[PDB]
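Novice:
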RNA sequence: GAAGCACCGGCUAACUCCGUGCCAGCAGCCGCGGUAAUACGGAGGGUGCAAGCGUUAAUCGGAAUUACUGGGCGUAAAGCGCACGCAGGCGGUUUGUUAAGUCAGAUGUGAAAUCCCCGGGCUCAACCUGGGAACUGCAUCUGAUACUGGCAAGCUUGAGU
RNA sequence: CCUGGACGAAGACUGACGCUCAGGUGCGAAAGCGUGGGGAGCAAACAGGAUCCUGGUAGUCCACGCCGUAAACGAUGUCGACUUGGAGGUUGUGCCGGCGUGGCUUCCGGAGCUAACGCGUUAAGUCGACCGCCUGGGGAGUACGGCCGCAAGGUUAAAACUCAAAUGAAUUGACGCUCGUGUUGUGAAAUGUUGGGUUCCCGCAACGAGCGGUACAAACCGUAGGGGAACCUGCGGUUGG
Ligand SMILES: [Mg+2]
Ligand SMILES: [Mg+2]
Ligand SMILES: [Mg+2]
Ligand SMILES: [Mg+2]
Ligand SMILES: [Mg+2]
Ligand SMILES: [Mg+2]
Ligand SMILES: [Mg+2]
Ligand SMILES: [Mg+2]
Ligand SMILES: [Mg+2]
Ligand SMILES: [Mg+2]
Ligand SMILES: [Mg+2]
Ligand SMILES: [Mg+2]
Ligand SMILES: [Mg+2]
Ligand SMILES: [Mg+2]
Ligand SMILES: [Mg+2]
Ligand SMILES: [Mg+2]
Ligand SMILES: [Mg+2]
Ligand SMILES: [Mg+2]
Ligand SMILES: [Mg+2]
Ligand SMILES: [Mg+2]
Ligand SMILES: [Mg+2]
Ligand SMILES: [Mg+2]
Ligand SMILES: [Mg+2]
Ligand SMILES: [Mg+2]
Ligand SMILES: [Mg+2]
Ligand SMILES: [Mg+2]
Ligand SMILES: [Mg+2]
Ligand SMILES: [Mg+2]
Ligand SMILES: [Mg+2]
Ligand SMILES: [Mg+2]
Ligand SMILES: [Mg+2]
Ligand SMILES: [Mg+2]
Ligand SMILES: [Mg+2]
Ligand SMILES: [Mg+2]
Ligand SMILES: [Mg+2]
Ligand SMILES: [Mg+2]
Ligand SMILES: [Mg+2]
Ligand SMILES: [Mg+2]
Ligand SMILES: [Mg+2]
Ligand SMILES: [Mg+2]
Ligand SMILES: [Mg+2]
Ligand SMILES: [Mg+2]
Ligand SMILES: [Mg+2]
Ligand SMILES: [Mg+2]
Ligand SMILES: [Mg+2]
Ligand SMILES: [Mg+2]
Ligand SMILES: [Mg+2]
Ligand SMILES: [Mg+2]
Ligand SMILES: [Mg+2]
Ligand SMILES: [Mg+2]
Ligand SMILES: [Mg+2]
Ligand SMILES: [Mg+2]
Ligand SMILES: [Mg+2]
Ligand SMILES: [Mg+2]
Ligand SMILES: [Mg+2]
Ligand SMILES: [Mg+2]
Ligand SMILES: [Mg+2]
Ligand SMILES: [Mg+2]
Ligand SMILES: [Mg+2]
Ligand SMILES: [Mg+2]
Ligand SMILES: [Mg+2]
Ligand SMILES: [Mg+2]
Ligand SMILES: [Mg+2]
Ligand SMILES: [Mg+2]
Ligand SMILES: [Mg+2]
Ligand SMILES: [Mg+2]
Ligand SMILES: [Mg+2]
Ligand SMILES: [Mg+2]
Ligand SMILES: [Mg+2]
Ligand SMILES: [Mg+2]
Ligand SMILES: [Mg+2]
Ligand SMILES: [Mg+2]
Ligand SMILES: [Mg+2]
Ligand SMILES: [Mg+2]
Ligand SMILES: [Mg+2]
Ligand SMILES: [Mg+2]
Ligand SMILES: [Mg+2]
Ligand SMILES: [Mg+2]
Ligand SMILES: [Mg+2]
Ligand SMILES: [Mg+2]
Ligand SMILES: [Mg+2]
Ligand SMILES: [Mg+2]
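Dropping the structure here:
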């Protein structure tokens with residue numbers, strides 16, 4: 003859905019150095035210039051379009067999509083695109099066991115809803131020099147961590163991942179539960195862990211927006227009907 | 010719904026400055042009897058607590074095994090760290106002829122007639138892992154007809 | 002020194018199949034082509050191509066069905082150290098017939114199934130499953 | 002060569018009804034069938050894999066009144082024959098002359114039927130056979146001899162057989178006090194609760 | 001006129017009481033006994049077999065624990081201190097026939113009994129017996145010759161100049 | 001001065017002439033011996049002084065002969081083929097410092113393998129050829145016999161008897177505290193509760209909760225010597241410190 007020239011402007015073709023190259027990414031590399039691998043944009047387009055097509059199919063049948071982005075730029079970028087598609091996101095550090103320890107994670111969510119209730123509706127108005135400040139610190143830390151999954155209340159049907167090597171923990175949890183995984187696999191990542199591999203650069207800020215924009219819009223398109 | 014069996018219970022120990030701390034570990038296997046079997050390894054301090062943990066682990070992490078009316082499709086060799094496991098299909102009425110650990114796995118999996126043998130170490134957790142590994146890689150005649158370009162008639166009837 | 006070319010042919014297949022190779026190329030011979038023809042007929046490979054005359058080289062196309070190797074176990078049964086000859090009524094059944102046994106009969110190279118039909122024994126070249 | 006002790010002890014140990022008594026009274030009315038015999042019978046302890054296999058083997062042996070040496074020979078013949086080993090083992094046990102007498106209802110109990118056979122009161126195809134283990138072939142007519150038709154045991158046992166389920170592989174003629182062995186019973190023709198694969202596994206070892 | 005023997009700590013089916021107090025003893029292994037011992041001795045109860053039941057000896061199995069089927073050798077026992085090399089074992093790739101190995105068929109033989117299958121006779125069984133199958137072998141003959149070997153030419157990738 | 005091997009470039013040439021090897025033959029650290037020299041330093045033994053020090057013989061050196069043993073180790077036999085990759089050293093060579101193509105070598109690491117450790121294109125991965133060697137610990141690499149040696153001894157190599165263990169690797173401890181779930185490991189177990197800063201914060205395969213050298217359960221190897229021997233010393237080697 004994105005032209006090859008546009009992806010070149012977005013820096014999708016760019017990759018990491020050859021020193022840190024992952025051998026598994028050999029078929030998806032066009033070449034190497036200035037000791038930097040170049041991602042073959044020809045391979046990416048059919049894979050990305052098919053991945054987008056699968057996202058439309060699973061959203062239209064009322065699934066659930068979770069976005070996982072922890073990069074410095076991607077953290078804010080995913081959150082802006084997350085609310086547009088009305089889907090869930092993890093902008094901050096992925097906590098180990100978010101999917102595996104769903105029962106424990108559920109209790110964290112149940113704590114959060116009670117915590118927000120007192121500060122918004124409960125009107126506790128109690129400080130005691132200890133309680134109020136610690137509860138606000140609890141609220142601010144919980145919101146940063148599990149803010150994007152408050153409205154989900156269940157196992158996400160599929161996951162979208164940025165920088166799959168950095169987010170290996172989320173992928174491992176998804177592979178254990180059979181949840182399909184979508185990830186932007188760079189040259190130094192492991193493509194075998196992803197079901198629908200998207201060979202793109204996850205470090206370029208403009209590229210991340212192109213990924214998020216092309217994905218979030220499709221989710222709205224599939225959910226429109 | 011599905012049959013569950015406890016295989017082994019062992020009392021393990023660790024040493025702290027105060028003294029020795031003890032625990033009980035329980036190995037269980039569960040299965041529906043129709044080609045699905047899973048093994049669990051619970052670890053707690055109280056024996057009833059440990060066996061429940063093993064069942065919970067065994068209830069999930071199941072595998073699907075093709076069965077030919079209660080026997081294996083072809084003889085197979087299961088191998089794990091120390092245990093060598095050989096299993097072989099048998100005729101109707103032979104029953105489960107296998108070791109203590111192997112018999113429980115084959116019963117809950119739905120295997121009725123089978124000839125089996127264990128070589129090397131017979132540590133129960135290693136034996137059941139080898140038996141699980143030896144059954145998951147077994148392929149039905151439909152599966153080999155899928156990999157190759159021939160139909161079921163050509164695979165066997167030919 | 003390479004004292005068994007047939008085993009090396011199987012080893013290249015097994016290594017390439019496990020390494021997710023696209024194709025495996027090796028020096029060609031009359032016996033190797035006969036073996037490769039049998040595999041293609043049963044479907045364990047896609048196609049074999051022989052290129053060159055002064056120094057022929059055999060090219061084999063591997064087969065993967067669902068992200069997995071079709072050739073799961075290829076084994077050299079008879080070897081130069083210990084030749085193995087079986088009669089027609091002693092022909093082994095690999096995986097109770099699911100696999101094949103390449104048998105060199107007096108009428109040529111074929112599978113164990115064909116040898117039983119033709120009533121011929123011979124040297125068991127390899128097991129394929 | 003037999004068991005001459007209390008019958009209900011065997012049933013109590015096995016936990017079920019072994020039909021060792023005529024069944025005039027309910028089994029619980031004469032004993033605490035839910036409790037094992039002996040001082041420590043009230044307690045219910047664990048039982049290993051060998052224990053349940055041994056209990057099942059002792060169950061069928063005590064049902065048909067067969068010792069270990071005679072029962073072991075039956076296993077060898079059953080495993081030697083074609084087809085299912087367990088089904089043949091039950092069929093061989095069910096083919097015993099005393100068992101046929103009990104199933105046809107001439108004796109109230111197999112032990113009573115065993116005494117009827119031993120005392121030269123059973124004629125098979127017009128021939129007096131007093132061997133308890135003597136096998137009965139299909140389409141063979143067993144009968145009570147005219148000398149033994151005046152006994153009240155035969156008359157009383159007919160009523161008890163009527164109350165019990167009548168086998169479908171046998172023909173009974175109480176008027177003439179003779180029967181016909183129609184066919185070998187199948188696995189379904191017998192009680193499902195009995196397990197034969199345990200016996201086969203136990204004797205394999 | 002006709003039921004005994006062994007066992008009941010685990011392995012391994014079956015437990016309490018009393019006496020004894022690292023004594024007396026038990027024991028295949030692990031191991032039990034110094035004051036509540038289901039392990040000793042006795043009793044009660046139970047379990048396993050049964051005209052037998054234990055113990056001892058011997059063989060095989062379990063023992064893949066001499067692994068041909070069917071094991072190992074960095075550290076658990078195990079790569080010779082290293083090299084050259086005779087006998088030996090094994091040997092790239094083409095054709096031609098040789099048909100020794102191997103393969104197919106035929107023939108002779110492989111005593112009977114035994115084992116196995118199907119029936120028969122002893123009231124059943126053991127036992128006896130009819131007919132087969134088997135006797136996995138050897139030899140000769142006739143074929144096939146893809147592979148292996150012998151023989152004759154080559155070929156160049158192995159090995160050398 | 002004489003001489004062996006290896007590697008690279010580009011050809012020519014021979015046309016399977018190959019690989020592995022029981023016996024066999026040669027080689028083979030240090031120590032030790034035979035014959036004759038040499039002998040500065042160092043230094044077993046020895047002598048003396050102390051509670052290590054001084055002095056110093058064999059030996060170390062040379063010619064020739066013998067000995068044929070080492071933790072002679074990478075505790076990994078030789079030969080061949082195939083199988084993801086990174087960083088470095090060391091020697092070639094091709095092309096325009098870049099760019100490929102060789103040989104040997106070091107580290108890290110994937111699949112795979114392994115009991116684990118770990119190995120990992122120089123395999124302990126995947127197969128093939130051949131040889132050597134092992135099947136409980138101790139007795140014992142000892143006795144007897146053969147062979148070899150001037151001797152020391154070497155090599156080949158038991159049995160009786162005795163014990164039910166010996167051993168490898170890894171783990172938990174010694175020399176504020178736990179659980180639930182999850183996760184890693186075949187497992188014992190670890191993570192949590194390993195780090196930075198200040199009970200707290202942050203990072204974080206954890207998330208939350210309830211509470212307040214050991215041989216334990218320097219060492220060794222080969223050799224040589226001891227008359228101040230509760231073991232010690234000379235020489236070379238090993239890390240299994
Ligand atoms: Mg233990
Ligand atoms: Mg063992
Ligand atoms: Mg053990
Ligand atoms: Mg154990
Ligand atoms: Mg072989
Ligand atoms: Mg008798
Ligand atoms: Mg049978
Ligand atoms: Mg048996
Ligand atoms: Mg018991
Ligand atoms: Mg007392
Ligand atoms: Mg007492
Ligand atoms: Mg005691
Ligand atoms: Mg005992
Ligand atoms: Mg006693
Ligand atoms: Mg008694
Ligand atoms: Mg008794
Ligand atoms: Mg007698
Ligand atoms: Mg024995
Ligand atoms: Mg054996
Ligand atoms: Mg072997
Ligand atoms: Mg071994
Ligand atoms: Mg060693
Ligand atoms: Mg060596
Ligand atoms: Mg040697
Ligand atoms: Mg030597
Ligand atoms: Mg030696
Ligand atoms: Mg050599
Ligand atoms: Mg030679
Ligand atoms: Mg030759
Ligand atoms: Mg050849
Ligand atoms: Mg020819
Ligand atoms: Mg011939
Ligand atoms: Mg001929
Ligand atoms: Mg013949
Ligand atoms: Mg004949
Ligand atoms: Mg026999
Ligand atoms: Mg008769
Ligand atoms: Mg008869
Ligand atoms: Mg006969
Ligand atoms: Mg006859
Ligand atoms: Mg005949
Ligand atoms: Mg004969
Ligand atoms: Mg011919
Ligand atoms: Mg030929
Ligand atoms: Mg030839
Ligand atoms: Mg020179
Ligand atoms: Mg020439
Ligand atoms: Mg020429
Ligand atoms: Mg030699
Ligand atoms: Mg020398
Ligand atoms: Mg010399
Ligand atoms: Mg010297
Ligand atoms: Mg000298
Ligand atoms: Mg001198
Ligand atoms: Mg001097
Ligand atoms: Mg003086
Ligand atoms: Mg001095
Ligand atoms: Mg001097
Ligand atoms: Mg001095
Ligand atoms: Mg002196
Ligand atoms: Mg001198
Ligand atoms: Mg010499
Ligand atoms: Mg040595
Ligand atoms: Mg060294
Ligand atoms: Mg060595
Ligand atoms: Mg190699
Ligand atoms: Mg490494
Ligand atoms: Mg190994
Ligand atoms: Mg010994
Ligand atoms: Mg000696
Ligand atoms: Mg001599
Ligand atoms: Mg001499
Ligand atoms: Mg000597
Ligand atoms: Mg000697
Ligand atoms: Mg570990
Ligand atoms: Mg685990
Ligand atoms: Mg492991
Ligand atoms: Mg140390
Ligand atoms: Mg010494
Ligand atoms: Mg030293
Ligand atoms: Mg050295
Ligand atoms: Mg050692």
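Chains as they are written, first to last, in the deposited numbering: chain B, 3 to 227; chain E, 10 to 167; chain H, 2 to 130; chain D, 2 to 206. Quick reminder that beta carbons are idealized off the backbone N, C-alpha and C, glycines included.
Beta-carbon separation of residue 190 of chain B and residue 18 of chain B under 8 Å?
Specialist: Closer than 8 Å, so yes.
Novice: Determine, using beta-carbon pairs with one atom in the stretch 21-36 of chain D and one in the stretch 110-120 of chain D, whether at least three such pairs fall under 8 Å.
Specialist: Contact holds: three or more Cβ-Cβ distances are below 8 Å.
Novice: Quick one: list the residues of chain E neighbouring residue 1 of chain D, beta-carbon separation under 8 Å, in chain order.
Specialist: Here chain D covers residues 2 to 206 and nothing more, so residue 1 of chain D does not appear.
Novice: One question on the structure: do residue 223 of chain B and residue 24 of chain B come within less than 8 Å of each other, judged by their Cβ atoms?
Specialist: No, the Cβ-Cβ distance between residue 223 of chain B and residue 24 of chain B is not below 8 Å.
Novice: So, for residue 54 of chain B: in the same chain, excluding its five sequence neighbours on each side, which residues have a beta-carbon less than 8 Å away from its beta-carbon?
Specialist: 3, 216, 217, 220.
Novice: Please work out which residues of its chain come closer than 7 Å, Cβ to Cβ, to residue 58 of chain D, disregarding the five sequence neighbours upstream and downstream, and give them in chain order.
Specialist: Within the same chain, residue 58 of chain D has close Cβ partners 200, 203.
Novice: Taking residue 57 of chain E as part of the alpha helix (DSSP H), name the residues at either end of that continuous run.
Specialist: Here the alpha helix (DSSP H) through residue 57 of chain E covers 56-68.
Novice: Once DSSP output is grouped into helix, strand and coil, what is the label at residue 26 of chain H?
Specialist: Note: residue 26 of chain H maps to strand in three-state DSSP.
Novice: By DSSP's criteria, residue 40 of chain E is part of a beta bridge. Which residues make up the other side?
Specialist: E:12, E:46.
Novice: Only counting the same chain, and skipping five residues up and downstream in sequence, which positions put a Cβ closer than 6 Å to that of residue 176 of chain B?
Specialist: Excluding residues within five positions, the ones whose Cβ falls inside 6 Å are 161, 183.
Novice: Should residue 167 of chain E be flagged as near chain H, meaning a C-beta pair shorter than 8 Å?
Specialist: Yes, residue 167 of chain E counts as interfacial toward chain H.
Novice: Output the residue ranges of the alpha helix (DSSP H) runs that lie fully inside the stretch 17-90 of chain H and measure 4 residues or longer, sorted by chain position.
Specialist: Listed in chain order, they are 31-43.
Novice: Relative to the alpha-carbon of residue 134 of chain B, which residue among B:146, B:147, B:120 has its alpha-carbon at the smallest distance?
Specialist: Ranking B:146, B:147, B:120 by Cα distance to residue 134 of chain B puts B:120 first.
Novice: Let me see if you follow: with CB-CB separation under 8 Å, is residue 157 of chain E close to chain H or not?
Specialist: Taking Cβ atoms only, chain H reaches closer than 8 Å to residue 157 of chain E, which makes this a yes.
Novice: Just list the residues that DSSP pairs residue 98 of chain E with in beta bridges.
Specialist: Answer is E:123.
Novice: When you compare the stretch 51-71 of chain D with the stretch 175-184 of chain D, are there three or more beta-carbon pairs, one atom per stretch, that lie closer than 8 Å?
Specialist: As far as the Cβ criterion goes, the stretch 51-71 of chain D does not touch the stretch 175-184 of chain D, which means the pair count is below three.
Novice: Is it buried or exposed for residue 29 of chain B, if we count other Cβ within 10 angstroms and need 16 for buried?
Specialist: Exposed.
Novice: With H, G and I counted as helix, E and B as strand and the rest as coil, what does DSSP make of residue 128 of chain E?
Specialist: If DSSP states are grouped into helix, strand and coil, residue 128 of chain E belongs with the strands.
Novice: Which of the three DSSP states, helix, strand or coil, is assigned to residue 132 of chain D?
Specialist: Residue 132 of chain D: coil per DSSP, three-state reduction.
Novice: Following a CB-centred definition, is residue 15 of chain H positioned closer than 7 Å to any heavy atom of ligand 5?
Specialist: Outside the cutoff, so no.
Novice: Please report the distance separating the alpha-carbon of residue 131 of chain D from that of residue 144 of chain E.
Specialist: Their Cα atoms are separated by approximately 54 Å.
Novice: So what does DSSP say about residue 198 of chain B, is it helix, strand or coil?
Specialist: Reduced to three states, the DSSP call for residue 198 of chain B is strand.
Novice: Whose CA, out of B:69, B:117, B:103, B:7, lies closest to the CA of residue 89 of chain B?
Specialist: It is B:69 whose Cα lies nearest to the Cα of residue 89 of chain B.
Novice: Give the list of continuous beta strand (DSSP E) stretches no shorter than 3 residues that lie fully inside the stretch 156-200 of chain B.
Specialist: Taking only runs of at least 3 residues, the beta strand (DSSP E) segments lying wholly in the stretch 156-200 of chain B are 160-164, 183-186, 198-200.
Novice: Could you list which residues in chain E have their beta carbon closer than 9 Å to that of residue 96 of chain D, in chain order?
Specialist: Within chain E, no residue comes near residue 96 of chain D; the closest Cβ sits about 18 Å away, beyond 9 Å.
Novice: So, is the C-beta of residue 164 of chain E closer than 8 Å to a C-beta in chain H?
Specialist: Judged by the 8 Å Cβ criterion, residue 164 of chain E is in contact with chain H.
Novice: Just to confirm, is the Cβ distance from residue 35 of chain H to residue 61 of chain H under 8 Å?
Specialist: Not in contact: residue 35 of chain H and residue 61 of chain H (Cβ atoms no closer than 8 Å).
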